[PDB]
Amino acid sequence: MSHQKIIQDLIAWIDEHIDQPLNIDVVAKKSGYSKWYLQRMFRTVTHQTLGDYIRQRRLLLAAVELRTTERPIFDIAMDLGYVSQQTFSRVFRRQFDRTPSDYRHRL
DNA sequence: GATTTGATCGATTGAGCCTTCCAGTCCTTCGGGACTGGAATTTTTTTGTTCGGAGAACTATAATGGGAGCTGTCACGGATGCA
């Protein structure tokens with residue numbers, strides 16, 4: 001099996017258990033690889049970060065789960081990768097130049 | 001609820017550490033799928049012998065008419081063949 005098939009399955013791996021408390025080290029058990037072999041191969045194809053990749057969409061899916069539902073932000077930290085809200089809001093201001101609170105108020 | 005700061009898990013990746021994925025080439029080895037001579041075997045028809053079989057003429061005292069066990073009791077009738 002060539003390597004361009006695996007990252008097609010690696011992105012067919014991730015988007016189904018984002019509401020789960022998921023990490024990179026369980027991907028390496030499911031893909032059988034080591035913990036380090038995931039992060040070299042993503043740069044030949046995407047030229048982005050795969051360590052922050054599973055952390056990017058826990059903003060992007062909390063950009064619709066907070067947006068559609070009436071969920072408050074202090075349960076997003078304990079499940080979607082963090083421990084407190086003071087770090088979750090900072091990753092948003094580097095990505096899309098916004099704060100989480102005034103992200104919904106903009107119709 | 002929005003942000004400011006210290007260090008540390010992870011690992012931005014960079015090199016550095018190690019055999020297999022598999023086209024099938026080829027190998028010496030060997031009984032199968034090619035039909036075969038030659039040698040054995042067994043009938044399958046063929047040849048022949050011969051004992052019984054079986055067909056056949058002849059048998060010269062004189063012998064000159066059978067019945068031979070039948071039909072033991074249906075009676076009514078419809079045409080018949082005489083008369």
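Positions of Cβ are generated from backbone atoms using ideal geometry, with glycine treated the same way; all protein chains shown enter the neighbour counts. Derivation of every value follows stated rules applied to the coordinates shown; laboratory data play no part.
Scanning the range A:66-106 for residues that are of a type in the set (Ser, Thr, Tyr) and within 15 Å of the chain's Cα centre (by Cα), we see that the one that is farthest from DNA strand B (Cβ to nearest atom) is A:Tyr82.
A quick yes/no check of all residues on (1) over 27 Å from A:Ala77 (Cα atoms); (2) out of contact with any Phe, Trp or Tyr (no Cβ under 8 Å at 6 or more places or on another chain):
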| position | (1), (2) |
| --- | --- |
| A:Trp13 | no, yes |
| A:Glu16 | no, yes |
| A:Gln20 | no, yes |
| A:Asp25 | no, yes |
| A:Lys30 | no, no |
| A:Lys35 | no, yes |
| A:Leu38 | no, yes |
| A:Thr46 | yes, yes |
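A:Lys5 meets the conditions (1) of a type in the set (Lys, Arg); (2) loosely packed, with under 11 Cβ neighbours inside 10 Å; (3) outside any helix (DSSP H, G or I) in every case but one. The failed one is (3). Tell me whether the range A:11-20 contains one or more residues that are in a helix (DSSP H, G or I) and closer than 21 Å to A:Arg106 by Cβ. The answer is no; no qualifying residue exists.
Checked against the criterion of being loosely packed, with under 12 Cβ neighbours inside 10 Å, closer than 15 Å to A:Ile11 by Cβ and not aromatic (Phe, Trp, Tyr), the candidates A:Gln48, A:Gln56 yield just one match: A:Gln48. Total residues in the range A:28-49 satisfying the condition of being in a helix (DSSP H, G or I), touching a helix residue (DSSP H, G or I) at 6+ places or on another chain (Cβ under 9 Å) and within 12 Å of DNA strand B (Cβ to nearest atom): the figure is 8. Only one entry of A:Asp15, A:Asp52 meets the criterion of being of a type in the set (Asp, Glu), near DNA strand B (Cβ under 7 Å from one of its atoms) and within 15 Å of the chain's Cα centre (by Cα), and that entry is A:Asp52. All told, A:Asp25 falls short of being out of contact with any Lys or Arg (no Cβ under 8 Å at 6 or more places or on another chain) and either within 7 Å of DNA strand B (Cβ to nearest atom) or acidic (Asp, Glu) (or both). A:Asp79 meets all of the listed conditions (1) among the acidic types (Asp, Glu); (2) in contact (Cβ under 8 Å) with a residue 40 or more places away in the chain; (3) surrounded by fewer than 11 Cβ atoms within 10 Å (Cβ to Cβ) but one, namely (3).
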